[PDB]
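In the form deposited in one PDB entry, a lone chain appears below as structure tokens.
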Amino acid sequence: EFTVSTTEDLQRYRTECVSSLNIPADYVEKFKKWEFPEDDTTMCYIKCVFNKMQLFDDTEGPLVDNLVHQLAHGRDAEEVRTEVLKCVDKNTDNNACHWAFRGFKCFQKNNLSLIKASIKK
């Protein structure tokens, strides 16, 4: 199946992508703080992280079922699906890095968070 990502997963993925993409150190600090400049370096970073979280695929685009699992955090699936779908679009400029980042940006606007705190009984 697919499993939801935690802060720990995100941490690991950050490390794996920083290595595999050769991210300059000035960027790593920003990324540690969840601060994302709108440039190619960052956009490919987001793509890599989404790939690893299984939220985005370079051919199929944003992966809605998984996103909903990830963003729902127990909230009502269907309203989340409706929100997510508002963020889905085609790979208009044939740049998968742009594609991933455009969705990330839309999620931001629609106040949809990949990593949220969680209260359990």
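The numbering used is simple: start at 1 and walk along the sequence shown. Only the largest set of C-alpha atoms that superpose within 1.5 Å between the two forms is called the rigid core.
**Q** Which wins on mean Cα temperature factor, 77-85 or 61-69?
**A** Averaging CA B-factors over each stretch, the winner is 77-85.
**Q** If you take the mean CA temperature factor per stretch, which one wins between 95-103 and 21-29?
**A** Result of the comparison: 21-29.
Another form, the form deposited in another entry, is not on view; read the next lines as being about it.
**Q** Indicate whether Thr15 shows a C-alpha shift of 2 Å or more between the shown form and the other one, with the rigid core used for the fit.
**A** Not so; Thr15 is displaced by less than 2 Å.
**Q** Is the C-alpha displacement of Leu112 equal to or greater than 2 Å between the shown form and the other one once the rigid core has been superposed?
**A** After core superposition, the displacement of the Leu112 C-alpha between the shown form and the other one reaches the 2 Å mark, so yes.
**Q** Align on the rigid core first; then say whether the Cα of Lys32 has moved by at least 2 Å between the shown form and the other one.
**A** Moves: yes, 2 Å or greater.
**Q** Versus the form shown, are the CA atoms of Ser113 and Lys47 closer or farther apart in the other form, given a shift of 3 angstroms or more?
**A** Relative to this form, farther apart in the other form.
**Q** Do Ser20 and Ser113 have their C-alpha atoms closer or farther apart in the other form than here, with the shift being 3 angstroms or more?
**A** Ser20 and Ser113 sit farther apart in the other form.
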